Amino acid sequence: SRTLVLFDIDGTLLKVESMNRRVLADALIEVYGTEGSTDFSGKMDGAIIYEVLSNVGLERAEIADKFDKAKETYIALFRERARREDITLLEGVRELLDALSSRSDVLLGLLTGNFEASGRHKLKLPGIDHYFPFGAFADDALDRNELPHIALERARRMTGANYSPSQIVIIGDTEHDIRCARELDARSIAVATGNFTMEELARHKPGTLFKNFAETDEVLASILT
């Protein structure tokens, strides 16, 4: 009965203006001297830092040495520059989150490639951060496939619920979302509101596939059942 529902942010709940890419580039120039070189849909913020820097010849150990400062600089710069007008809430998202959060049998959480501080700043601008009491984030791993385990442990410690696979729902817009759900044999719901079409997403065998979340009642039925 009790259901755990985990949402990706970018291309699932909202989108951000191209300034996001430039905030990162600026933070890396500040810390390492280079923005690297330089799609990152569904990827972990930490893995993106390693990739773009390693592309220009930096060793992993060299990247690691200043990684935390690069992270902090990126977060601070994002919080400084981003405005509400940079964020676009996707179709039906607020309606869906209201429908879920009003149910006692539902626990909502985030499972995202964003660092928590910047991912939650994105959610705060349009005023949907308040729906998400916990999550797993890029602070927790470089590999998205470690996150479901971490989120499951956190949810269980919060509620005392021992969610079974059919009680866990992982929602996102890329193959990486679908793939990380397999870690828990969870129910994956993919939504084709990012850079990948239904035809593309369908090859990864999501449990369910939506075009978008316009029909709140049907998305809810699909999530709870």
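Just count from 1 along the sequence shown to find any residue number.
(message) Going by the PDB record, how many residues of the deposited sequence fall between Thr38 and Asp39 without any coordinates: none, 1 to 3, 4 to 9, or 10 or more?
(response) The entry leaves 1 to 3 residues without coordinates here.
(request) Averaging the C-alpha B factors as listed in the entry, name the stretch that ends up higher: 39-47 or 181-189. (result) It is 39-47.
(request) Between 100-108 and 116-124, name whichever shows the higher mean Cα B factor according to the PDB entry. (result) For C-alpha atoms only, the mean B-factor is higher in 100-108.
(request) Comparing against every modelled residue in the chain, figure out the third that the C-alpha B-factor of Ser54 lands in (lowest, middle or highest). (result) For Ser54, the deposited C-alpha B-factor lands in the lowest third.
(request) Name the third of the chain's ranked CA B-factors that contains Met158, choosing lowest, middle or highest. (result) Ranked within chain, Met158 CA B lands in the highest tercile.
(request) Could you look up the Cα B-factor of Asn20 in the entry and say which third of the chain it sits in: lowest, middle or highest? (result) It belongs to the highest third of the chain when residues are ordered by C-alpha B-factor.
(request) Rank-wise, by C-alpha B-factor, drop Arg83 into the lowest, middle or highest third of its chain. (result) It belongs to the highest third of the chain when residues are ordered by C-alpha B-factor.
(message) Sorting by Cα B-factor within the chain, modelled residues only, which third would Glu62 end up in: lowest, middle or highest?
(response) As the PDB entry reports it, the C-alpha B-factor of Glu62 lands in the middle third of its chain.
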